[PDB]
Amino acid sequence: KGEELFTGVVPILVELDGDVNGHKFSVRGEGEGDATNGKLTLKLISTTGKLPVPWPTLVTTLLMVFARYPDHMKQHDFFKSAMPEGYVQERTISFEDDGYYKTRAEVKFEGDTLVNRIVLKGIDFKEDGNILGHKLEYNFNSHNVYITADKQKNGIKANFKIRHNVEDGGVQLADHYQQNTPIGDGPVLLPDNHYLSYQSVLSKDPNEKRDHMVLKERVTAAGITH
């Protein structure tokens, strides 16, 4: 049933309310997602002026329901099976030798639009570090996100390291711990072990005055033998 909502192009709305070392900010975005091809695009706008953290640190917080699951892996798509009622996606993101984010998102259908509504809190960041100091490049590396079942909570879990390029020429690791839990309580698909393959391109709208990020992701489930 849930997969039947993702046979075409689906409109997206993203809303984030954030607070990092007490600095409050708000992000609003809309775009389109195409789970048949495992593709999505968003224009994400800061509605509160210049962001207090670099846009790349927010990429993972700002839609796993749009992964393309190959035809032989269809019974392992927890994310679509939880729709239309949706799921809660919660993370801790720990920045190497710096502070951490905690996020709670709700991913669900409102009308015919897929909404990702997020509350983010960032704690213990250093004023001269890479995040509050804006020393991260405006780009994004490709990553594999391994997905496991969480029977106890009727959901899935994931942990993965994000590599952020630093302006000097190094890398800063962002350690992600993730838990997804259904919002309703209909049956969902609990998956065998697999991973999602992510590729992301960050860009800018040359005609937009506000602080913003154009995000294009391509996502493919993989890792199940036959």
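Numbers follow the displayed sequence, beginning with 1.
In terms of unmodelled positions of the deposited sequence, the chain runs continuously from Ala158 to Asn159 in this entry. Just going by the entry, 149 to 157 versus 99 to 107 on mean CA temperature factor gives the higher value to 149 to 157. Within the selection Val171, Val27, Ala174, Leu196, the deposited Cα B-factor values reach their highest point at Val171. In the PDB entry, a CA B factor belonging to the lowest third of its chain's modelled residues is recorded for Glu90.
Per the deposited record, the Cα B-factor of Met83 falls in the middle third when ranked against the other modelled residues of its chain. The PDB entry assigns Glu167 a C-alpha temperature factor belonging to the highest third of its chain's modelled residues.
In the PDB entry, a CA B factor belonging to the middle third of its chain's modelled residues is recorded for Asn141. In this PDB entry, the Cα temperature factor of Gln179 sits in the middle third of its chain's modelled residues.
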